[PDB]
Amino acid sequence: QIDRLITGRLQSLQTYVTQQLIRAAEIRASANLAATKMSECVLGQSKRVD
Amino acid sequence: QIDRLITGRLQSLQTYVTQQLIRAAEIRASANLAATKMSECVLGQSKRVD
Amino acid sequence: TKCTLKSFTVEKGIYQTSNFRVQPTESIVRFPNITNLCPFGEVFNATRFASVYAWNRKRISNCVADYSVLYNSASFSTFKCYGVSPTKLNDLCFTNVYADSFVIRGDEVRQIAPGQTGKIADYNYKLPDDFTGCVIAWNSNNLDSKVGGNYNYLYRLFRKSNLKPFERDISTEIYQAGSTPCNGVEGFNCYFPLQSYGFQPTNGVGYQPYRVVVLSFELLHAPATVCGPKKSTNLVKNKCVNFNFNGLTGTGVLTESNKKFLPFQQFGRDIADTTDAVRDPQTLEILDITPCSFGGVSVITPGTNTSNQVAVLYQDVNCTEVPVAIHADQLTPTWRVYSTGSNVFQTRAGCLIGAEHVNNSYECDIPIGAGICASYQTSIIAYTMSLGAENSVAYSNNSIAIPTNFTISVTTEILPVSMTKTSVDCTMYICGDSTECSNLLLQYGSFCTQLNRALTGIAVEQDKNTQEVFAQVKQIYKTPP
Amino acid sequence: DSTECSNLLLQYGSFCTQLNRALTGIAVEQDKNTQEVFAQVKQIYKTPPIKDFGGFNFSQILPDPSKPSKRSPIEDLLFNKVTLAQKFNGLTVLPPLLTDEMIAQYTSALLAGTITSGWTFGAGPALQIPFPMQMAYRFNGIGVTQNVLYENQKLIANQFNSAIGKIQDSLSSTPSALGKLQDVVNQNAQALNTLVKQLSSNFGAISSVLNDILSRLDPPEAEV
Amino acid sequence: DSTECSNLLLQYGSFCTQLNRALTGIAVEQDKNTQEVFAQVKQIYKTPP
Amino acid sequence: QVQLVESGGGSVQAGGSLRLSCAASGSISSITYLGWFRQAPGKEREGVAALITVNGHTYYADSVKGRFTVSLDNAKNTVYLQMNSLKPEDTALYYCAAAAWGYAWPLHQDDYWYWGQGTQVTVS
Amino acid sequence: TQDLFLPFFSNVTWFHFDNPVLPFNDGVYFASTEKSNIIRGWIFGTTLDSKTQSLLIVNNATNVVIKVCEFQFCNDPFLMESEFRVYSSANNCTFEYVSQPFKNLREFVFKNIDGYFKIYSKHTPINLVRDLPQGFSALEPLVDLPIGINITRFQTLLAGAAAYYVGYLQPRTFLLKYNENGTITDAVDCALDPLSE
Ligand SMILES: *[C@@H]1O[C@H](CO)[C@@H](O[C@@H]2O[C@H](CO)[C@@H](O[C@@H]3O[C@H](CO)[C@@H](O)[C@H](O)[C@@H]3O)[C@H](O)[C@H]2NC(C)=O)[C@H](O)[C@H]1NC(C)=O
Ligand SMILES: *[C@@H]1O[C@H](CO)[C@@H](O[C@@H]2O[C@H](CO)[C@@H](O[C@@H]3O[C@H](CO)[C@@H](O)[C@H](O)[C@@H]3O)[C@H](O)[C@H]2NC(C)=O)[C@H](O)[C@H]1NC(C)=O
Ligand SMILES: *[C@@H]1O[C@H](CO)[C@@H](O[C@@H]2O[C@H](CO)[C@@H](O)[C@H](O)[C@H]2NC(C)=O)[C@H](O)[C@H]1NC(C)=O
Ligand SMILES: *[C@@H]1O[C@H](CO)[C@@H](O)[C@H](O)[C@H]1NC(C)=O
Ligand SMILES: *[C@@H]1O[C@H](CO)[C@@H](O)[C@H](O)[C@H]1NC(C)=O
Ligand SMILES: *[C@@H]1O[C@H](CO)[C@@H](O)[C@H](O)[C@H]1NC(C)=O
Ligand SMILES: *[C@@H]1O[C@H](CO)[C@@H](O)[C@H](O)[C@H]1NC(C)=O
Ligand SMILES: *[C@@H]1O[C@H](CO)[C@@H](O)[C@H](O)[C@H]1NC(C)=O
Ligand SMILES: *[C@@H]1O[C@H](CO)[C@@H](O)[C@H](O)[C@H]1NC(C)=O
Ligand SMILES: *[C@@H]1O[C@H](CO)[C@@H](O)[C@H](O)[C@H]1NC(C)=O
Ligand SMILES: *[C@@H]1O[C@H](CO)[C@@H](O)[C@H](O)[C@H]1NC(C)=O
């Protein structure tokens, strides 16, 4: 019974940190995109459209 | 009891292949950055700063 | 939406709360042509049965035995079934359906029982302990009683040992009880075992015989041959209903088919192994199996500050059974006007209740899907969305338009760059300060190591992202005062 | 549709709201991706009926009103080359917000903008320029003087018309150029099939049907 | 190599199938990765002597 | 699994009529044979009436034939026994009994019966 | 599907006069090529005497018989228009069944799974005088028998000479092809070459 409830909360914790890491990949890509926005809009002229 | 053994090692392999594939996604995004950086900075003269 | 979205104020959009199901109604049941007719009429309607020295262990096989005609035969005296009830005798069967027959004398029918010996159980016929099957006694006064006594069924009252259960007792030689041997001519200790049942018309109803057949059910490693019959309903078509055919079952819709089965199948499957067609075994007609329809509810609101009216979309469902897809008779009369009414519409996404279709085209505001959007213009309208303003500006090979006036305007652009860092301790989250649980958790190895090392990684990588996005300057720069 | 399994699902917490919020997140990402790629232009431009482009040829790729799809016949063969979804076990396919005819109308609007107006509509209004003027402008971006096109306009138009016509020939005789759309279809189809095929696993029980578990066992002992 | 474990492992179905194509997808994606990073010139040029 | 609580006993003179009722609680669907027993003072417990729940067929004893009847009421899960033309040889303890093993005539004491608590029927 | 089959390009035996006693070995693929009807049926059983139960199948002029009893199989079982000296034993019968049956080729598969005895049958025309021809055929179950006896050997029977082919079955892995009408058009063995792997 203790094994049931412990593997339940481990599976809950793994699916939580699964959600955390997959949004971490997206927000890392978004932050690298925004760093490219700061470098190619703040530090100089962009000839690239929109 | 062999089933408890099965669930433990199968969940460890599951979080292993999860971490492996999400680190492959990060190395994929870095490789797209490396591909556009080499094919812009090496094969021609860019005007983008930093 | 107020209960599911955890608010009393619900902003304009599309939301999904629950689903809907259509239910089976009649629960139809089919069985094949049972119709094989075992020869039990000769062991229920004959004037001379077997003897108790010659009760044959006959193998009746590869047919069906009706027992519902036994209950309405209106002649039974001591219908006895051990092991299984005679009420559920016809539907369920077992193997080894060997049968017996004798016209036993009615005084000691009740002595034939598991765990009870006697003189009929000791010298004529013995039942084993935990019998599965039936022994069936009835009044048979009108036929096995001739003038002066029916001396056709000789019997044995004398034998050396006790009966083994279900034992063939056949003999002509006489019982041995003394020490002086017999000389062929019958003497004082010869004891001829084959005396006579006297079955006279002057006997009483307990003294007149009770005619017994035995439906013994054993269990060997052989498949069953003879069972009871199966009752079957009719089949309903074009309706979500539970079905149970000859072994296979399910819930779904039976429609007509178009494919051609070969003459040996009875059902069909498809790609990824689900049933889709069936042939009934009483008509030999191929019937397509369609599952019962379902879908989720989508509700359209323009905002709780703005209106109180709602629009309800039932997705990918035919827009005729939508009041009876839901339990509209069980809900409130408030829910009843969103199950039927004049404002009904079927889209490509499904049936929409609560809006009217507008032929005019407007800008999309609420995304439903497949080109149709909704808005509020004081009632809820439904419309195919408009892409924008058309433009056919005059192409000319020798004319250029050049602007002479300028606009200075700016456009906001928003991107998230960071996360509030969160880490958890594994061990007392999982256990909550228990010694044996912590002795269990280190005994799950090192899951805490990957867990804490990965959840440190989100914080340190987010710190690197913030360090990249906001430090590209060597110094601190300042403006003139 | 088991009552007692859903009664014992209530003591597994709130897994299903995280699963449902994960799966509707896929749908809003797909709608956001298609809205980001193909809804970029404010108005809907149209090609003129009299197509006087100075000898240049765009007849392969302008949309065809003879077809009832109103669709250009190069991407009709792109639709033809891709070939493969069923509804059971609570699985469904919710339809896209943008239908394919509005996708084709958006591609016609982008094509009408990039031929008739140049790139002026991408930053402002549709400024009307002709196409040999447009090619002479784009030559000045890469260091080519305007005069060599205007002395060789028919040769550029003929070689561009011959090169555009080989695009249908290069796609029509190659069966593996469209693998980058086919592999996503094969991957999510095999993933859905794998989700179908794991409904026939006992997972430690006697039989994979719940009714044989319910019938042949005691219901406090069919719980395990 | 224990048989009743595999009698419990196949009773847990085919988790092995999508973890194997997920791991194989890493390998073929990494070959496409190094092809997409390093192999872009149509020919090979050499230095003058 | 079968519990029987009966009533309907009492006192009446000769020529009167009473109405015995035996209520069943528990496994109603396994009950297939309802027999009525009777034990006179100084005499063995014998059989009087019988009823099959499946068929509705009645088996009647020879001393109660033409006067005693049994009916089935499946709405209340009760069996009814109506005793008309009473005579003072019927003063006995009357028992109701249920069978889940089939129907057997005449009634025997050694069979497996779910028994009742007994109501006294007195006539003089 | 994981099931027992004939492996592809396996060796079968070929006889012609000639009727030996051959073992069973979990399933027999039986083939027979005829111009005139010589092969009648078989004798099945374990020891083929008056101790263990033996099964008998005989085809004749209009019908067939399928019967398992306690028999006495002769040393030379064989069957102008009539000859019958295959057995003289009628004791302890259990089951009986009546059905209705080089230019003709008959291909038979006999098996025993969970006490059930399944018969596979398909008639095809073949026209050459050396061996079995090439091609593909899909082989149809007709009658499943509820006998449930044990069997390790068998023997065929004949009445002009005729040739028959006997093969054995192995538990293998096969990949099947289904058409629109649900028949088998082609099949490959999953142990022949790496191409079929
Ligand atoms: C299994 O049992 C059922 C019921 O006995 C059989 O159904 C019966 O089949 C016959 C022949 O197909 C039907 O006769 C036909 O009747 C129509 C109308 O009377 C007539 O126009 C035809 O010319 C033909 O004579 C018969 O009506 C039908 N009975 C019922 C109740 O549907 C069924 O055939 C049996 N299965 C097999 C495989 O034999
Ligand atoms: C280029 O664009 C700008 C703004 O889009 C134009 O400026 C606007 O010009 C009009 C015409 O004079 C101004 O309207 C008048 O303003 C005076 C105040 O000086 C007022 O008394 C009049 O009743 C009338 O409203 C307008 O204010 C002015 N806009 C601004 C922000 O000052 C400009 O004229 C354009 N260039 C050309 C060549 O058209
Ligand atoms: C642009 O190119 C297309 C294709 O090369 C031309 O269409 C051809 O027109 C001729 C004459 O009408 C037909 O015989 C061909 O069958 C057409 N080909 C196809 C593939 O349809 C078109 O004429 C060209 N445009 C102009 C203005 O000449
Ligand atoms: C025996 O015959 C009688 C009348 O001849 C009939 O009522 C009864 O049903 C028959 N028994 C059976 C088992 O059919
Ligand atoms: C309701 O809120 C929306 C924005 O959330 C706003 O545009 C609208 O005007 C509001 N209506 C009222 C009556 O405040
Ligand atoms: C919906 O059901 C009605 C019932 O007659 C049918 O006529 C109609 O064609 C159905 N609509 C669709 C789209 O299947
Ligand atoms: C809208 O379109 C339908 C479809 O033909 C037409 O019958 C109707 O008259 C149109 N106008 C209005 C106002 O509904
Ligand atoms: C079949 O038998 C022959 C000789 O009896 C042998 O040479 C041949 O290799 C065998 N076939 C196979 C596939 O082993
Ligand atoms: C007949 O065969 C059965 C089956 O084994 C056996 O039990 C029985 O003794 C046999 N009887 C005789 C007379 O051989
Ligand atoms: C038949 O033989 C097998 C093995 O030879 C044995 O396991 C089985 O019990 C036998 N069957 C009978 C009915 O004796
Ligand atoms: C399947 O059956 C139809 C029925 O007419 C026939 O036309 C078709 O040729 C058949 N196909 C095959 C592959 O046998």
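Residue numbering in chain G adheres to Swiss-Prot, whereby the residues present occupy positions 51-66, 79-141, 153-174, 186-243, 261-298 in order.
For this deposited structure, the header notes the method as electron microscopy, 4.8 Å.
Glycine residues also receive a Cβ, built from the backbone N, Cα and C atoms like all the rest.
DSSP assigns G:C166 (disulfide bond) to coil in the three-state reduction, placing it in neither a helix nor a strand. If you look up Swiss-Prot, you'll see G:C131-G:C166 marked as disulfide bond.
Summarising the annotation, Swiss-Prot assigns N-linked glycosylation site to G:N61 (among others). Classification of G:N61 (N-linked glycosylation site) by DSSP places it in coil, neither helical nor stranded. For G:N61 (N-linked glycosylation site), applying a Cβ distance below 8 Å and a minimum sequence separation of six or more within one chain yields G:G268.
Residues annotated as N-linked glycosylation site in Swiss-Prot, with experimental evidence given as evidence: G:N122 (among others). Cβ neighbours of G:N122 (N-linked glycosylation site) (same chain, under 8 Å, six or more residues apart in sequence): G:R102.
Under a cutoff of 8 A between CB atoms, and with a sequence separation of 6+ in the same chain, the neighbours of G:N165 (N-linked glycosylation site) are G:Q115, G:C131, G:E132. As annotated by Swiss-Prot, N-linked glycosylation site applies to G:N165 (among others), with the evidence given as experimental evidence.
Per Swiss-Prot, the feature N-linked glycosylation site maps to G:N234 (among others); the stated evidence is experimental evidence. Annotation for G:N234 (N-linked glycosylation site): spatial neighbours G:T108, criterion Cβ-Cβ under 8 Å with sequence separation of six or more. G:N234 (N-linked glycosylation site) falls outside any helix or strand according to DSSP and counts as coil.
For G:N282 (N-linked glycosylation site), no same-chain residue 6+ apart in sequence has a C-beta under 8 angstroms from its C-beta. Summarising the annotation, Swiss-Prot assigns N-linked glycosylation site to G:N282 (among others).
Take the disulfide-bonded residues G:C131, G:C166: by the count of other Cβ atoms within 10 Å of each Cβ, the lowest one is G:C166. Ligand 9 lies within reach of none of the recorded positions G:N122, G:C131, G:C166, G:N234, G:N282, judged by a C-beta closer than 6 angstroms to any of its atoms.
Taken residue by residue with DSSP, G:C131 (disulfide bond) is part of a strand.
Among the recorded positions listed (G:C131, G:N234, G:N282), G:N282 have a CB atom closer than 6 Å to some atom of ligand 11, in sequence order. With a cut-off of 6 Å between Cβ and the nearest atom of ligand 10, the recorded positions G:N122, G:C131, G:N165, G:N234 reduce to G:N234.
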